[PDB]
Structures are given as structure tokens and as C-alpha cells.
Amino acid sequence: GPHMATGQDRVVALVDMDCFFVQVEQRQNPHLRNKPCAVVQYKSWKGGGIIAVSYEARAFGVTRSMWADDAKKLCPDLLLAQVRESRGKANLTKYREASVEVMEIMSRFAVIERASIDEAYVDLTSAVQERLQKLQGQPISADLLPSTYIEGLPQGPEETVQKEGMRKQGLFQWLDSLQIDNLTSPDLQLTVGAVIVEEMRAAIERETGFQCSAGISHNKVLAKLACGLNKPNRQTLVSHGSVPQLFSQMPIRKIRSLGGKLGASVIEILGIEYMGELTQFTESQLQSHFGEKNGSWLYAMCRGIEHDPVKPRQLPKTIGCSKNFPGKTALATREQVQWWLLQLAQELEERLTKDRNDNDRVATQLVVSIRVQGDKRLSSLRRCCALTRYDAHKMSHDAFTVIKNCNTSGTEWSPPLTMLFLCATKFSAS
DNA sequence: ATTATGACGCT
DNA sequence: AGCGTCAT
Ligand SMILES: Nc1ncnc2c1ncn2[C@H]1C[C@H](O)[C@@H](COP(=O)(O)NP(=O)(O)OP(=O)(O)O)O1
Ligand SMILES: [Mg+2]
Ligand SMILES: [Mg+2]
């Protein structure tokens, strides 16, 4: 009892931007603000593919992966913004630069781990300790947490007919219970972490004009889950004590890393649907079905416990460019293949050169991946070679050299390629 | 014809 | 080294 770890050692948050690519386009074009809007790529086929959707547009049922022509059927007044196109492919530079704006603000507060173009984990354990020392015995006011939800509250016994009324009542219950006394209560630490995350979210909105949501908990999985509970423009605190009720009706697929085959297996092999049901199995039983690492992870995670560290990494480990060639457009000639490789290499060269100037590093390996027609896998084949010069002509020529014997017969290229992907990796200081 | 592209585990 | 999974 006295010796059972409860996964309450850290304070971790996950900050994720709300409808991020849309906000980027709305900041730039004020006519799009506060309107049902989506961002699309490649307008020629079915009006383009939607990759981001404003919350006003979601209310009509518009979603990612939907065709714009189809989205317009659900939402006639839907406004659209097109992703920039360069060299015949989508160019996501505008969103990467916007991402940098936000990541640089978050880094001021604590160590972060970039997790995607629009989210990062934050390890607030040290910052909370410092803040706790800064205010001795200072009780925490509700005004310090104007956009925070406490998951699981309010509980027990009219302002609650509306959502802000629920939020405030739950926050009051939580704050009324908190003992400022006792610098080591995990709940107190989370609360101070939440205050700091309000400050962080305020700074991002002030300095970039972008709104975001956040989750604060004791580990990355719970912080990520918490982030999505009250999006948009709100933050949610998930305490250790909230986990049994929260996990009791939480579908297994909603937990990070369980959204694929492993999660399906868990459900299928154990005959359960919710994360909390995992507690009735022994660690050995879970290890026997899903392996040593997965079994141990599951046994601790269904109890709200996870030890994956927030890595101190702001910069991407790899830099890559890819393009799909669906259906009839699959590449069928040598020349075609070489031209598209050159287009990808030119974009890559730009991004690498910038990376070298900004971050004092150079990539040393080039990985080329291709997908052949009829193959469902992301990558049909991967090959690599040395990246010794940031030269687009050398890179595209070397990439062709490494995959040219994949061609069964021809001038002609077969089987046709439905994807080309160039990735620069193995960075070293410069 | 659900795209562009990341991190990282397994062998 | 090369492939498979899970992810936004
Ligand atoms: N499958 C995909 N393919 C291409 N781009 C994608 C993508 N999923 C996301 N993006 C791009 C476009 C997105 O804007 C961005 C962030 O991904 P989220 O955080 O998953 N989604 P958002 O921020 O939009 O809304 P909110 O978080 O409020 O739910 O990455
Ligand atoms: Mg987001
Ligand atoms: Mg995200």
C-alpha cells in the first residue's frame, strides 16, 4: 500500500491547436474568421480534399478526408482556403512556420516534446515546484483558471443547465477541496500546472492570435486524452482520482497507441470494450496475449499510470517530401519518375538548407520510398544512400540510382508507382 | 482517388 | 538495413 506507485510523480500537459490549419488561414484572411471554413488541397478532383475544418463547419457534419464538393452538400456556405502548391505538390511551409511560432512560445515556459505540427507535450514538474515555493500558502483563486475544466466534477447536488455553469461549479468543488497546505499533494501540483498552462495558452493566443486547448495530468497519455475532452479553446485537468470513472465507459480505441490493430486485438481477445475493464487481468495475462512491453504498459495504463518521459526535442528528427499518384495518374515512364524525384528533391533541398542555417545541423542519409500500384502499404520499398551534398540534382539522381532496378520492363516503368517519398535523416551537428 | 509526412518498434 | 504500426 505504502509501496504501490500511483503514477503521480510528474505534471505533464499536452497543448494542441484548435482547427490549426484553418486558424492559420483565418489569421491571414479576416474574411474567413468565425465562419464555417475548411482547408483543402488539390481543387481539381472533387473540389479538393479537406485536411482541416473549423468548428462552425463541424456543426454541419463536415470532416477531414471529405471531398470539398461533398462538404458543400452538407454546408452550402462553407468557405475554403487552398493549400499552397509548388512544383506540382502541396507545400505546407505556411503551417510549419506557424507551428514554429507556437513551439517557441511554449519552450519559454518548460521543456517540450514536439509531437506533431500542432501539439507538444510539456513537462511542468519543475515549474510547478518553483511556483509552489513562490507563493507560500497562497490559496488558488478560480480567476486563475478561467478556461479550466475539472474532469469528473461537479458531482452531487440551476446554473448547471448551461456549460459554463457546469464548468464553474466543478472548479469550485475542486478548489474548495484543495489543501494549499502540503506542497506535495499531487492534486495541488496538477492545479498549479493548470495555472501555468492557462498562462501559456494566454501567451500563445496573445502572441500569435491562435487559440488552443490543453490537457493537464500526470503523464502523456492522460494529458493527451484530457486535451480532447473540452475542445475548443478550453483546458481540462485529469486527476489520478478521476481515472476509474473516466475509464469505466471509455472505449479502448480512444487511448493513444490503441487506435489500431493492438487495440482491436485487446477488444477481440479479452472480450471487453472499455479501458477500465483491463484492471481485472493480471500483468502476466496481459503480457501473454500482447507481449512483454505491451502487457506491462496496458497493466499500468488502465490504472492511469504511464512512465514515458517527455523528451527534450523541439526539432524534427527527419525532413521529408512525398507525393501520391492515385489511380490512372500512377507513374508509368522512366522520365516521369525522374522528373517527380527532381521536384521532391528541390523542395527537400530548400527545407534542408534552411534547417542547416536555423539549427546548426546537417542530414547525412537519404531514404527513398515508393509505393507500387495495387499495394495497400504506405511503402512498398525503402532504399537509402549517403546524403553528402544539399544538391537537388545529386539527390534526385542518387534516389533514382537506388530504386531504378525496381523497374520490371520498358523507357517504360512498371509496375507503375503510386507514391514517391524522399526523407532526409541521421542529422549531425554542423 | 483518404494526402503529406512524422516517430519509432521489430527483426 | 528494411519493414510494420500508429499517429496528426
Ligand atoms: N490525416 C491528416 N492528413 C493531413 N493533414 C492532417 C491530418 N490530420 C491533421 N492534419 C493537419 C491539419 C490540421 O489542422 C493539423 C492538426 O491536426 P489535429 O490536431 O488533429 N486537428 P485540428 O488541429 O485541425 O483540429 P482540432 O485539434 O481542434 O481538433 O494537421
Ligand atoms: Mg489540433
Ligand atoms: Mg493535433
Side-chain angles (χ1 to χ4, degrees), chain A residues 14-21 39-53 63-71 82-96 99 113-121 220-221 224 227-228 231 253-265 290-294 297 308 311 313-330 343-344 347-348 351 365-371 373 375-386 402-403 406 418-427:
Chain A
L14 182 49
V15 181
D16 183 282
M17 311 304 301
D18 297 331
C19 52
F20 184 47
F21 288 18
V39 176
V40 303
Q41 52 191 21
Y42 304 127
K43 261 215 138 284
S44 63
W45 179 272
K46 297 183 168 298
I50 290 176
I51 60 178
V53 190
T63 65
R64 172 178 69 71
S65 100
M66 205 174 251
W67 297 120
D69 283 356
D70 288 340
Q82 289 167 216
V83 172
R84 180 184 305 129
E85 205 175 298
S86 302
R87 303 186 199 79
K89 70 182 292 296
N91 172 357
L92 303 188
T93 298
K94 189 195 296 185
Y95 310 113
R96 294 192 180 101
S99 181
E113 182 187 335
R114 177 197 191 278
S116 81
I117 199 167
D118 92 313
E119 65 211 84
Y121 295 91
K220 299 206 289 191
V221 172
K224 186 186 197 304
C227 187
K231 240 162 198 292
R253 67 170 174 281
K254 295 295 160 73
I255 279 55
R256 202 235 281 153
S257 80
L258 297 192
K261 302 184 167 203
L262 172 58
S265 293
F290 311 110
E292 211 148 80
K293 175 172 163 285
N294 292 335
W297 185 82
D308 190 32
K311 284 94 175 146
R313 185 185 52 78
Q314 274 188 251
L315 296 176
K317 291 185 130 177
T318 60
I319 298 190
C321 297
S322 64
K323 180 162 184 63
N324 287 3
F325 305 92
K328 202 170 154 304
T329 70
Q343 303 319 298
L344 292 178
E347 183 179 337
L348 190 56
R351 288 169 65 189
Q365 178 179 66
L366 182 64
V367 185
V368 57
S369 178
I370 67 192
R371 193 173 52 190
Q373 195 169 72
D375 198 345
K376 263 195 50 201
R377 300 177 292 168
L378 268 211
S379 169
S380 286
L381 181 91
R382 268 166 279 192
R383 292 291 185 269
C384 63
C385 64
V402 142
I403 62 160
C406 280
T418 49
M419 182 197 67
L420 296 179
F421 191 165
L422 295 186
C423 187
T425 62
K426 284 189 185 303
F427 281 87

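Chain A is the first sequence line, chain B the second, and so forth, proteins listed ahead of strands; every chain is numbered from 1. The analysis underlying the following values was restricted to heavy atoms, covering all of them including side chains, and did not include hydrogens, waters or symmetry mates.
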Quick check: closest heavy atoms across A/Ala120 and A/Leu14, and the distance to 0.1 Å? O-CD1, 3.3 Å

Distance test, side-chain N/O of A/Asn324 to OP1/OP2 of B/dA4, below 4.0 Å: yes

Report which part of the nucleic acid A/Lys328 touches: base, sugar-phosphate, or nothing (heavy-atom distance under 4.0 Å, all strands). nothing

Partners passing ring pair (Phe, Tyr, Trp, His ring centres under 6.0 Å) against A/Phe427 (at least two apart in sequence or in another chain): none

List in chain and number order the residues that pass salt bridge (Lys or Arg N to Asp or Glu O under 4.0 Å) with A/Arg87, two or more places apart in sequence or in another chain; answer none if no residue qualifies. A/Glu350

Mind checking if A/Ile117 touches a base, just sugar-phosphate, or nothing, with heavy atoms under 4.0 Å? nothing

Indicate, with a heavy-atom threshold strictly under 4.0 Å, whether A/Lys224 touches base, sugar-phosphate, or nothing. sugar-phosphate

Specify the separation, in whole Å, of atom CE of A/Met419 and atom P of B/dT2. 16 Å

Sugar-phosphate, base or nothing in reach of A/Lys46, heavy atoms under 4.0 Å: nothing

Rounding to the closest angstrom, what is the interatomic distance between B/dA1 and C/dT8 at atom P? 24 Å

In B/S/- notation, 5' to 3', how is nucleotides 6-11 of chain B contacted by protein heavy atoms closer than 4.0 Å? SSS---

Over all strands shown, is A/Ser116 touching base, sugar-phosphate only, or nothing at heavy-atom distances under 4.0 angstrom? sugar-phosphate

Kindly indicate whether the side chain of A/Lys231, heavy atoms from C-beta on, has any atom under 4.5 Å from the side chain of A/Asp18. yes

Kindly say if A/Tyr42 contacts the phosphate of B/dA1, meaning a side-chain N or O under 4.0 Å from OP1 or OP2. no

Round to the nearest Å and state the distance from A/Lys376 atom NZ to B/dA1 atom P. 12 Å

For A/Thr63 and A/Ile50, the nearest pair of non-hydrogen atoms, with its separation, is O-CG2, 3.8 Å

Which sits closer to the 5' end of DNA chain B, A/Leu344 or A/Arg64, going by the nucleotide each is nearest to? A/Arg64

Sequence-distant partners of A/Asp69, salt bridge (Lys or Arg N to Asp or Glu O under 4.0 Å), two or more places apart: none

About how many Å separate CG of A/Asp118 and CZ of A/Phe21, when rounded to the nearest 0.5 Å? 8.0 Å

Using a heavy-atom cut-off of 4.0 Å across all strands, would you classify A/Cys423 as base, sugar-phosphate, or nothing? nothing

What pairs of donor and acceptor atoms, side-chain ones from residues 321-330 of chain A against any protein atom, are under 3.5 angstrom apart with sequence neighbours left out?
from	atom 1	to	atom 2	distance (Å)
A/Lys323	NZ	A/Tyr42	OH	3.0
A/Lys323	NZ	A/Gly88	O	3.4
A/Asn324	OD1	A/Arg371	NH2	3.4
A/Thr329	OG1	A/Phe325	O	3.4
A/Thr329	OG1	A/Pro326	O	2.6

Give the first and the last nucleotide of DNA chain C, reading 5' to 3', that has any atom under 4.0 Å from a heavy atom of chain A. C/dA1 to C/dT8

Heavy atoms from other residues, nucleotides or ligands near CD of A/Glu292 exceed 12 (cutoff 6.0 Å): no

